[PDB]
Structures are given as structure tokens and as C-alpha cells.
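One chain follows as C-alpha cells, the form deposited in one PDB entry.
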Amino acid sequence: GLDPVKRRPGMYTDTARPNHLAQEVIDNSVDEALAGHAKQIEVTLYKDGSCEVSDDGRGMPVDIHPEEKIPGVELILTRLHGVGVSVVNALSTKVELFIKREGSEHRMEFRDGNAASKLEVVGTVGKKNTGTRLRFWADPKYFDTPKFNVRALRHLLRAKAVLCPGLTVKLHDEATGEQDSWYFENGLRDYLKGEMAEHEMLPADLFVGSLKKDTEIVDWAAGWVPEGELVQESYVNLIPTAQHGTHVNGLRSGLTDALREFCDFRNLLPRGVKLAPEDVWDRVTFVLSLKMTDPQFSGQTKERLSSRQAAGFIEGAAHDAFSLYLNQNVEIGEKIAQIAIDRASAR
């Protein structure tokens, strides 16, 4: 039942505004992209206060539950991250979805969380034309305001394109008429490269790496920027960790050890000078994406990754990869080392 959600909405979403509800719907479309089924996601914010999310994924199954004898889509919508789309339906005066699947376009409507129609066959489409679109009308009585924080949504949607290479994410704000489109073929590297295009850095095209250990998967892009504002973003299962944490500590620790060993072999350290992790990390710009099973968060807001396992995993990945890179790019390596050494010497 959805009654519990209606009684205490604050326990299932952020009642400040409907942004979180939109996130839930967006996440479901992103899963299709992460699974390699969707390549396009469009979000529309309407003047009537509703929000729609459309994707070209497989589309929600349009079959009937043998026991419940009702559409599988109905069970999903009638029965913070990963709370489920049912929460969106429960806190909306109306929800309308269109599903393109198996050569047909289907429609279903809900009102105040209850089915307001049957699963209707409303169109015929090509076999390859599939996807889901869900539009919801948040019930203002549950939120301080029905208005969306568009800026926060822009940042979040861009992250999806960054974290899922090849995915095109669009946003359309009907109130203003403003449109946005994000796409990053390479993912992390293209995004970081574009965000730092105004400053000179080492490597010029960044230092990239990745490692998969059957459950743990890490991806990163980093560079040293002598002058300029640094971009520093980390994620765990697509969840942004504003306070970074154990995964970032691993990256930092691993790049530091590689650089220190490099300075040792090349004998670049001035008399009595030793590199401290802060010397190496001070001018670093990066984007880090970790994927692990059941991550644990710490901090007064759970915006920091606490999983100790993640530290050792990434440290080993960054250590081995950066050592390899430095040893095959000596000049670039010595310039990076010098940036860190200049800090150490300046102390």
C-alpha cells in the first residue's frame, strides 16, 4: 500500500520540493542506460508544475501478473536513493505513462496513487521503437513548494551523461523555454577536459585510468593545474559524494606513492625535501566514479564514503596505473613532480 507514504512523505522523499521525485524517475531511466538499453533521456518541466521523463529503453513490461491479475506496471506504481517510482505516484495527484514495447504504444493513468485506467493499447510503432515516458503532477499539499530547483536538476542531469558515456540527456523548461543537452562520448575525460579548457594542465589531456575487479569498478580523470579553480567530483554508484571520502583518499594515496617513487628514481627531490600527500593533491583537478556493492556512508549527512575496502582498491589501481604512465611520459611526469616539489620546497 501507498498510505504509509502519504502519512509520512518526509520519510520517503525530500518534501522541500519535487526535485527528489524527479530524481527517482530519472534514476529508473538511467538504469536502462547503464544496462546498455537506453541512449537518450529527456526531462521536461511544465508550466502546470508537472515533470516528465522520457527514455528510449526497453520500456516497462506490458504484461499481466498471473496472480495479481493486474498489469505489472500497476503493481510497480502502487506497491534518499532507490525508494521506487511508487513514491512518486503516491505523492502525485496524477501520473500518466506511455510505454513503447513489442511494436505497440501503451498508456496508463493514475490518480492520487490509484489506477485511473487500464493498460491501453493506444498506438502501433516499429519493432525498434521502444521506451518509457512518465509524467507526474506532484500534489502541492505535500511540499513546501511545487516549484523545481532547475539549477540543481541541471547539475544532476549532466552528471548522468558524465557517468554514463554515450548517453544523451536533455532538459526542457517550459516556463522559460530554455533547453539543455549533455553528451560525453568518453564520459569522465571529455567532461573534465571541457570544464578545464580555460586552464593549462598536466597532462594536457589529463591522466585517465580504470580498473574492474568483478564487483568493484573504478574510473577517474585527473590533472595538475598550476593556476585556476579546480573541479573535484567523486561518486559512488552514481551517487555524488560532496564530502568525498575513502575512495578519494585511495586515489590521492595511490597517485602520491607513484609520484614519490618517481621522484626517488629520477632523483628530483631537493636537499631535505620530501613530498607530502597535500603537496601532490593541492593542485589536482579530478572526477572519480566508483561502483561497489552496498557502500557505507559517513558524515553528518552521509555525503562521504566510509567503505575502507574502496580505499585499498582504488589506491592499488591509481598506484599501478600512474607509475606506468609516469615511466612512459618522463617530461610530463617531471613537470607534474615539480608542481608538487614546489609546494614541498615552499615550506
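All residue numbers are counted from 1 along the displayed sequence.
What is the count, as a class, of unmodelled deposited residues between residue 79 and residue 80: none, 1 to 3, 4 to 9, or 10 or more? In the deposited sequence, 10 or more residues between these two have no coordinates.
Stretch with the greater mean C-alpha B-factor as recorded in the entry, comparing 330 to 338 against 5 to 13: Comparing 330 to 338 with 5 to 13, the higher mean C-alpha B-factor belongs to 5 to 13.
Taking the recorded C-alpha temperature factors, which stretch has the higher mean, 193 to 201 or 157 to 165? That would be 193 to 201.
Among 223, 250, 270, 131, where is the Cα B factor highest in this entry? 270 has the highest C-alpha B-factor of those listed.
Please work out which residue in 234, 92, 215, 86 has the highest C-alpha B-factor recorded for this crystal structure. Spelled out: the listed residue with the top C-alpha B-factor is 215.
Among the modelled residues of its chain, does the C-alpha B-factor of residue 219 lie in the lowest, middle or highest third? Residue 219: CA B-factor falls in the middle third of its chain.
So where's residue 72 on the chain's Cα temperature factor ranking, which third? Within its chain, residue 72 is a middle-third residue by C-alpha B-factor, going by the deposited values.
Looking at the C-alpha B-factor of residue 116, is it in the lowest, middle or highest third of its chain? Middle third of the chain for residue 116's C-alpha B-factor.
Going by the recorded CA B-factors, say which third of the chain residue 126 sits in, lowest, middle or highest. Middle third - that is where residue 126 ends up once the chain's C-alpha B-factors are sorted.
Could you look up the Cα B-factor of residue 63 in the entry and say which third of the chain it sits in: lowest, middle or highest? According to the entry, residue 63 has a C-alpha B-factor in the chain's middle third.
Below, we turn to the form deposited in another entry, even though it does not appear here.
Pivot point of the rigid parts between this form and the one not shown (hinge, one of 294, 198, 69, 185): From the list 294, 198, 69, 185, the one at the hinge is 185.
Residue 147 and residue 301: do their C-alpha atoms lie closer or farther in that other deposited form than in the form you see, with a change of 3 Å or more? Here the pair is farther apart than in that other deposited form; there, closer.
Explain in one word, closer or farther, how the Cα atoms of residue 14 and residue 301 are placed in that other deposited form relative to this form, where the distance changes by 3 Å or more. Those two alpha carbons end up closer in that other deposited form.
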